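S.K.: Encoded as structure tokens, here's the structure I'll be asking about.
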Amino acid sequence: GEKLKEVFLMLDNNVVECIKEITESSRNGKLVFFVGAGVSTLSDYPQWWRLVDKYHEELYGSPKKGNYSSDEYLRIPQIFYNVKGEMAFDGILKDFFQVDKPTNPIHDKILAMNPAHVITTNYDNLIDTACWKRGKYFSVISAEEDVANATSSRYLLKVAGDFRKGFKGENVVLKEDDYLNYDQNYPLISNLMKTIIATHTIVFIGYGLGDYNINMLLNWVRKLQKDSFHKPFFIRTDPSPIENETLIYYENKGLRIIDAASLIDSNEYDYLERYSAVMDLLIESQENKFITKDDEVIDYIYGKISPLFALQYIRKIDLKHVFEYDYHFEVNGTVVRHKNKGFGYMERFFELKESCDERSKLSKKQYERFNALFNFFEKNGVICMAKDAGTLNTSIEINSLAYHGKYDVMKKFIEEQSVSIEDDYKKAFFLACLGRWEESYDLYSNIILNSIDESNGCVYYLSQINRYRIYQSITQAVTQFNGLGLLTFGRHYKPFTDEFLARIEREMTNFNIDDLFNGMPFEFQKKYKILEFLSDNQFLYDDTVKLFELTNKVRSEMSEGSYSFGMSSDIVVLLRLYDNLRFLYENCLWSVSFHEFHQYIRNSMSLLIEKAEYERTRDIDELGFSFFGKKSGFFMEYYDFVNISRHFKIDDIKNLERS
Amino acid sequence: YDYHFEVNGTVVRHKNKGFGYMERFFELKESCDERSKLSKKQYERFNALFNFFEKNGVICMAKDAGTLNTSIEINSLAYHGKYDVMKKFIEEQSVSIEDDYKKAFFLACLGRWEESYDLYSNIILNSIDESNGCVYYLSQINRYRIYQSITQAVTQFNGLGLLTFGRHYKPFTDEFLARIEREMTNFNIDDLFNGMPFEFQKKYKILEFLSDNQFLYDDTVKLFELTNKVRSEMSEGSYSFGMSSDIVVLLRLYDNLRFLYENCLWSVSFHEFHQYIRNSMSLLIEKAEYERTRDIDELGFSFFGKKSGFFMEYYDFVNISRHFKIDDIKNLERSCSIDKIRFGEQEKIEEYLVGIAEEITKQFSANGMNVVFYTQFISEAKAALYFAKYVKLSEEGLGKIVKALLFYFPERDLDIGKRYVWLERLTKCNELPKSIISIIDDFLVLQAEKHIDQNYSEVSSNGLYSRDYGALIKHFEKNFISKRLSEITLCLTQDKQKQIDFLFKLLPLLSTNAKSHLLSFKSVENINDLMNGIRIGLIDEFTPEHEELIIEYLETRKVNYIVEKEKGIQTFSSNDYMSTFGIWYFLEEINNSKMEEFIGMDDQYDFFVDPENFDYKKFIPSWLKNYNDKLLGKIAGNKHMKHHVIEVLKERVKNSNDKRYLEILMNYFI
């Protein structure tokens with residue numbers, strides 16, 4: 001139970017630096033388990049010594065008298081195959097391997113460690129059933145034909161064959177002829193295995209440092225040059241603890257060993273105790289339960305928020321994806337525990353803030369990171385926890401000259417010299433707002449060259465989107481210029497030359513925005529997962545379906561005087577609108593001018609006004625005319641004027657004046 | 001994106017600069033001569049496509065635009081409420097895995113979620129053949145929405161479900177939640193479509209929208225845009241012109257219901273999908289009020305006399321009965337005149353209303369209450385019997401409905417007062433025959449057989465008690481008497497206390513030997529029975545013992561709220577007796593001249609007694625909805641009340657969607 005936390009403090013510096021690197025690879029999606037016979041025997045599966053007891057007695061008459069020599073143990077199923085045929089070799093395999101045995105809790109812990117691939121030398125079907133119970137598909141590969149006919153790009157690579165194509169012995173490598181013809185019969189299973197090891201993080205489960213598979217894999221590693229490959233990890237589940245001279249010998253061969261008999265004290269036959277004490281020590285280090293240092297909560301919040309310093313504002317509905325749904329961040333600034341089955345690292349952060357002596361107990365590096373996080377959350381308006389919600393005032397502030405319509409200040413900003421690549425990303429958004437879309441497409445193009453040779457993830461990605469959106473904004477404008485805009489304008493032409501419109505067609509040919517985020521680096525796709533939605537053809541669909549809980553459902557609320565607890569439905573819609581405007585205008589995203597965004601402001605603002613009317617008039621006939629207030633309760637302000645003035649057609653303001 | 005496939009069946013090309021292949025397909029459809037110029041292996045494939053588009057209702061393009069008709073068929077047992085047929089389908093050996101997917105949906109609709117969670121789980125282990133992920137993907141979704149339905153049930157069963165359900169129910173064992181919590185933890189519904197093989201994606205792209213809200217988004221945007229277009233068209237004079245805003249709303253609603261029920265998706269039980277149908281139907285009913293009132297000349301008489309939202313069918317009754325709450329329907333009953341809206345298919349509706357009444361009896365009479373099904377089913381059973389006002393039902397179907405609404409309906413979700421509200425609505429398109437009065441009379445003798453203890457009362461929210469069931473009898477048939485109520489009056493003594501008050505409230509239902517024997521046993525001694533005496537027609541002219549006790553109650557009220565205001569408590573119109581005294585003084589039923597000193601107790605009482613002194617800022621506009629015909633005639637005769645409360649009606653005509661305030665104004669006060 002709580003033994004694992006007092007095991008964890010007894011780990012040395014070697015095992016802690018193994019658990020920190022196995023768990024950083026599971027979060028990156030580069031973790032692969034290499035599964036042996038150890039997890040198959042913990043499900044009662046017929047071991048290969050129970051077969052070799054069958055052959056020696058159907059080929060030598062009597063059962064075995066003495067131990068198997070290694071000369072005999074390798075060659076008994078080959079003597080049976082050569083002398084007693086090939087249908088009887090497959091008969092004995094059919095007699096023992098029709099079992100339908102259960103999956104051990106270790107098959108669940110491997111998959112709960114979220115692997116990208118699973119390689120196995122097990123010819124059983126036990127790992128393949130457990131993958132299909134969960135909501136991820138693995139392309140099972142057990143023959144040569146399955147590699148080119150692969151489907152899902154997450155492989156369950158069975159490098160020792162399988163019995164999916166029948167209980168035949170020609171589909172599973174078992175004999176000695178199948179051990180020496182493996183590179184001839186399986187050229188593509190070997191190359192696919194050696195490429196996953198070269199490109200991922202490998203952990204071996206179910207082996208014992210002398211195996212035919214571990215030794216033929218450490219020979220391949222001897223051929224590779226120094227420091228080009230990551231060293232595989234090796235979980236050792238044996239009764240005897242590892243001796244120090246052996247752990248030196250396998251670390252120089254390229255294995256990073258985590259001995260399970262060196263971490264817990266267990267009996268000689270309790271293999272689930274040893275397998276679960278290393279797997280649960282990885283799983284409960286990811287589901288962060290081994291954080292009891294009060295300055296490890298700083299470099300955990302810093303490692304997920306220091307990416308987001310490159311952006312200006314982050315929505316609070318996006319911060320519940322940064323922390324992997326552990327906390328709700330409500331629009332008041334309150335943090336509410338959701339799915340954190342671990343240590344309260346956000347509860348502790350707000351206990352550093354009100355305090356100061358608990359804060360002087362930090363280091364000389366992790367105290368400056370507290371001042372980076374405190375200057376983050378104060379800017380974004382994350383205030384406290386749920387149980388400290390006093391009298392809160394969340395006033396919206398949009399610091400953007402394009403929102404406020406300072407058109408002459410933007411023109412001076414365009415003429416001035418460009419010191420940064422951020423001061424150019426702001427100009428190209430100011431170019432597009434002023435309608436000089438000719439120069440905006442070119443200036444985004446100059447950012448796309450200069451940001452990919454300078455290790456800038458956001459400014460490259462946000463310029464790919466805004467160049468495509470201004471490409472859409474041009475190519476659907478000329479549709480009005482050839483049509484309605486030919487008789488409206490006196491010149492009967494666009495300011496888009498025939499050379500410019502033809503040039504953007506060569507560059508934007510076959511440019512799919514749907515594959516942009518996956519064509520970014522792996523560190524971009526983890527640190528900036530919150531920016532995936534901008535490339536999507538339709539966002540704001542959660543915000544639109546959550547408008548039915550506005551003036552539509554005032555039927556049961558106003559008929560009995562029902563009010564929403566905490567933040568009311570008026571305040572949640574109005575402050576998730578303000579988070580969308582502050583995210584889109586401060587991060588200079590050109591998707592703020594399109595019809596999907598403008599109709600969302602029309603749908604949400606009208607329904608907030610129609611709820612404030614239906615309620616105003618339900619209070620009049622229920623609780624008298626003089627007792628009901630003349631104001632509707634919907635108090636409009638500066639930011640509410642600008643949003644109605646910018647996003648509404650005049651036929652849409654006429655609808656509010658009637659309703 | 002090569003073609004628009006509109007909701008009528010027509011095809012308009014967009015983003016297709018290449019070859020037009022759906023242009024060719026309908027040229028191959030209606031011309032058999034160009035057919036059989038094909039091959040042989042590509043000809044049996046053609047018989048699948050012609051059967052496919054005939055099912056999905058795709059017709060020729062906008063060039064050869066024929067007159068399409070508005071028809072819909074949902075061949076789903078869970079849609080029509082065939083509860084006994086589903087139970088005989090679940091208790092039957094399954095042939096295929098496609099029949100396992102329907103039983104897991106039919107268990108889930110029957111509230112047997114613990115079995116459906118298991119039955120969806122068996123499909124997941126048995127759907128290994130990669131014939132198509134369509135079975136495996138749609139069962140991962142439907143299981144995770146069952147777990148979402150269990151988790152929000154056990155939050156409202158082991159949490160809030162103690163005082164509102166009657167007990168601390170545990171319909172799901174702790175061994176069940178110890179299984180379902182660890183299984184559904186670390187299960188991302190956003191990662192289900194992306195972790196799925198590439199043969200499934202780009203062959204089943206349309207099913208990715210089922211993991212979140214974006215299968216409703218394209219119809220939500222269209223519903224919000226066409227709502228403002230209709231509310232602009234309802235004010236600017238234009239009717240439904242051709243392919244108008246009403247048929248686009250109706251066909252998208254029908255395609256959503258038919259995609260979700262035929263494919264057995266458990267997204268039918270969301271809140272957000274119950275909100276889409278609710279706003280889609282309340283717009284069509286509001287447009288139906290505008291198309292029935294006819295203004296312009298013969299261009300609109302042929303355009304749409306009563307079609308495309310102006311007429312009601314069986315599928316429209318079931319959508320309102322399942323997806324509305326009662327306050328949802330109570331909105332439309334004053335914004336619209338649903339009594340003027342013609343309901344068709346009134347024999348298919350009658351099979352639906354009988355099946356609901358015959359699934360309350362198989363759920364609340366026998367054992368096995370099935371409290372999980374009881375949460376989902378009771379809203380549909382309440383809204384169907386509330387909206388059964390406007391259908392015309394035969395005698396053999398109404399008898400099962402009244403005998404369920406009275407007896408077998410549960411009292412936790414419908415008290416004794418909210419049975420009279422719905423028994424009276426079944427007298428709008430119906431009378432009370434001699435076969436329905438006998439069922440109401442069977443219910444009054446059941447409550448009279450339970451009024452022995454004094455501790456038993458009648459918790460009524462509307463103020464309407466079990467006396468009004470007999471008042472609904474005496475409204476139709478004046479010459480009626482009751483048999484078993486005239487037998488229970490033989491036992492009159494001081495043993496049972498609650499037999500004293502309940503039998504007094506049913507006096508015209510009694511016989512001559514029953515009424516005289518009751519008056520020989522007791523008489524009136526309180527004004528509470530005097531309020532009961534008017535509703536039974538006991539005393540016409542009040543004896544001066546009453547007019548003493550009328551102001552004696554007012555004098556005790558003058559004792560009451562003076563010392564109650566020091567403590568902050570108030571009894572303002574608690575039992576409405578002094579308000580009923582106010583109508584009595586206003587209709588000159590009391591000749592006392594002492595209530596000038598009683599002015600200043602309640603705002604309603606001060607309105608009736610001294611209208612010159614009562615400032616009309618404290619007047620509540622809902623009071624005019626509760627006055628009868630004779631009372632408004634005297635208000636039309638006054639001058640003090642007359643030319644001032646119109647200003648209250650003037651701010652309710654042009655600010656409230658209640659059409660009653662217009663009716664009180666034009667028929668009485670002007």
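In the structure tokens, chains take letters A, B, ... by order of appearance, with residues numbered from 1 within each chain and ligands from 1 in the order shown.
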Mind listing as an NGL selection string which residues of chain A are within 6 Å of chain B, counting only C-alpha atoms?

M.R.: :A and (135-137 or 151-152 or 541 or 555-556 or 621 or 624 or 626)

S.K.: Residues at most 7 Å from stretch 376-388 of chain A, counting only C-alpha atoms, excluding those fewer than 4 positions away in the same chain, as a PyMOL selection string?

M.R.: chain A and resi 313-314+333-336+350+372

S.K.: List as a list in words the protein and nucleic acid residues near stretch 445-450 of chain A, meaning an atom at most 6 Å away when only C-alpha atoms are counted, but skip any in the same chain fewer than 3 places from it.

M.R.: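 In the requested form, the answer reads residues 442, 453 and 460 of chain A.
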
S.K.: Using only C-alpha atoms, determine which residues lie at most 12 Å from residue A:122, disregarding the query and same-chain residues fewer than 6 positions distant; provide the list as a list in words.

M.R.: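 Using only C-alpha atoms, the neighbours found are residues 34, 35, 36, 37, 38, 39, 40, 41, 45, 46, 47, 48, 128, 142, 156, 157, 158, 159, 160, 161, 162, 163, 172, 173, 174, 205, 206, 207 and 213 of chain A.
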
S.K.: What is the distance between atom CA of residue A:492 and atom CA of residue A:473, in Å to one decimal?

M.R.: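 Value for the atom CA of residue A:492-atom CA of residue A:473 distance: 19.2 Å.
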
S.K.: Determine, counting only C-alpha atoms, which protein, DNA and RNA residues have an atom within 10 Å of an atom of residue A:522; residues of the same chain fewer than 5 positions away are not included. Present the result as a list in words.

M.R.: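 Residues near the query, excluding close chain neighbours: residues 28, 29, 30, 517, 527 and 528 of chain A.
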
S.K.: For the residues in that selection, give me N, CA and C atoms as a short mmCIF file (atom, residue, chain, number, x, y, z; two decimals), in the first residue's frame.

M.R.:
data_model
loop_
_atom_site.label_atom_id
_atom_site.label_comp_id
_atom_site.auth_asym_id
_atom_site.auth_seq_id
_atom_site.Cartn_x
_atom_site.Cartn_y
_atom_site.Cartn_z
N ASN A 28 6.31 11.25 -23.60
CA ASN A 28 6.66 11.64 -24.95
C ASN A 28 6.09 10.72 -26.01
N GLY A 29 5.65 9.53 -25.65
CA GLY A 29 5.19 8.58 -26.64
C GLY A 29 6.30 7.81 -27.32
N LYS A 30 7.42 7.62 -26.64
CA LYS A 30 8.56 6.90 -27.20
C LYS A 30 8.93 5.68 -26.36
N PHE A 517 -0.30 20.04 -37.67
CA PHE A 517 0.14 19.82 -36.30
C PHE A 517 0.90 18.51 -36.14
N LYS A 527 4.36 19.88 -25.58
CA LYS A 527 4.40 21.14 -24.86
C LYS A 527 3.32 22.11 -25.32
N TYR A 528 2.86 22.01 -26.56
CA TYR A 528 1.87 22.93 -27.10
C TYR A 528 0.69 22.18 -27.69
#

S.K.: Mind checking which residues fall within 10 Å of residue B:9, counting only C-alpha atoms, ignoring those fewer than 3 positions away in the same chain, and posting them as a list in words?

M.R.: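 Near neighbours after the sequence-gap exclusion: residues 5, 6, 53, 56, 57, 58, 59, 60, 61, 62, 65, 66, 68 and 69 of chain B.
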
S.K.: For the residues in the current selection, export N, CA and C atoms as a compact mmCIF listing (two decimals), in the first residue's frame.

M.R.:
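Result file follows (result-v7.txt):
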# COMPACT_ATOMS: atom_id res chain seq x y z
N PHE B 5 -25.24 17.56 -50.63
CA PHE B 5 -26.40 16.68 -50.57
C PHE B 5 -27.39 17.33 -49.61
N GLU B 6 -28.35 18.06 -50.17
CA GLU B 6 -29.33 18.77 -49.37
C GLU B 6 -30.34 17.81 -48.76
N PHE B 53 -29.46 4.39 -52.09
CA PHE B 53 -29.96 5.75 -52.18
C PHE B 53 -31.48 5.81 -52.06
N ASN B 56 -31.78 5.98 -48.30
CA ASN B 56 -31.36 7.25 -47.73
C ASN B 56 -32.06 8.44 -48.36
N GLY B 57 -32.93 8.22 -49.34
CA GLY B 57 -33.76 9.29 -49.84
C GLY B 57 -33.04 10.29 -50.70
N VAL B 58 -32.06 9.85 -51.47
CA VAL B 58 -31.40 10.69 -52.46
C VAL B 58 -32.12 10.53 -53.78
N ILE B 59 -32.49 11.66 -54.39
CA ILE B 59 -33.25 11.70 -55.63
C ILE B 59 -32.40 12.46 -56.63
N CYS B 60 -32.95 12.74 -57.81
CA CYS B 60 -32.18 13.43 -58.84
C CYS B 60 -31.90 14.88 -58.42
N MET B 61 -31.02 15.52 -59.18
CA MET B 61 -30.40 16.78 -58.78
C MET B 61 -31.37 17.94 -58.92
N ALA B 62 -30.85 19.16 -58.71
CA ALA B 62 -31.66 20.36 -58.76
C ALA B 62 -32.08 20.74 -60.17
N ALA B 65 -35.55 18.69 -60.91
CA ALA B 65 -36.07 18.78 -59.54
C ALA B 65 -37.54 18.40 -59.54
N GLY B 66 -37.83 17.16 -59.15
CA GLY B 66 -39.20 16.76 -58.95
C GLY B 66 -39.72 17.21 -57.60
N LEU B 68 -40.59 16.71 -54.21
CA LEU B 68 -40.32 15.76 -53.15
C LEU B 68 -41.35 15.91 -52.03
N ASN B 69 -41.65 14.79 -51.37
CA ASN B 69 -42.64 14.74 -50.31
C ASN B 69 -41.95 14.57 -48.96

S.K.: Compile the contact shell of stretch 429-445 of chain B as a ChimeraX atom specification: residues with an atom at most 7 Å away, counting only C-alpha atoms, same-chain residues fewer than 6 positions apart removed.

M.R.: /B:389-392,399,403,406-407,469,473,484-485

S.K.: I need the helix (DSSP H, G or I) residues of stretch 147-307 of chain B per DSSP on the backbone, written as an MDAnalysis selection string.

M.R.: chainID B and resid 147:154 174:184 205:211 213:215 217:236 245:262 266:269 272:292 299:303

S.K.: Could you check how far atom CA of residue A:546 sits from atom CA of residue B:323, in Å to one decimal?

M.R.: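 Atom CA of residue B:323 lies at a distance of 17.3 Å from atom CA of residue A:546.
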
S.K.: Calculated over only C-alpha atoms, which of the candidates A:322, A:452, A:575, A:601 has the smallest distance to residue A:645?

M.R.: A:601

S.K.: Find the residues of stretch 420-530 of chain B that sit at most 12 Å from stretch 539-545 of chain B; for each, write down the nearest two atoms and how far apart they are in Å, to one decimal. Count only C-alpha atoms. Sort by chain, then by number going up, and give it as CSV.

M.R.:
residue,atom,partner,partner_atom,distance
B:523,CA,B:539,CA,11.9
B:524,CA,B:539,CA,10.3
B:525,CA,B:545,CA,9.5
B:526,CA,B:545,CA,10.1
B:527,CA,B:545,CA,10.1
B:529,CA,B:539,CA,10.5
B:530,CA,B:539,CA,7.8
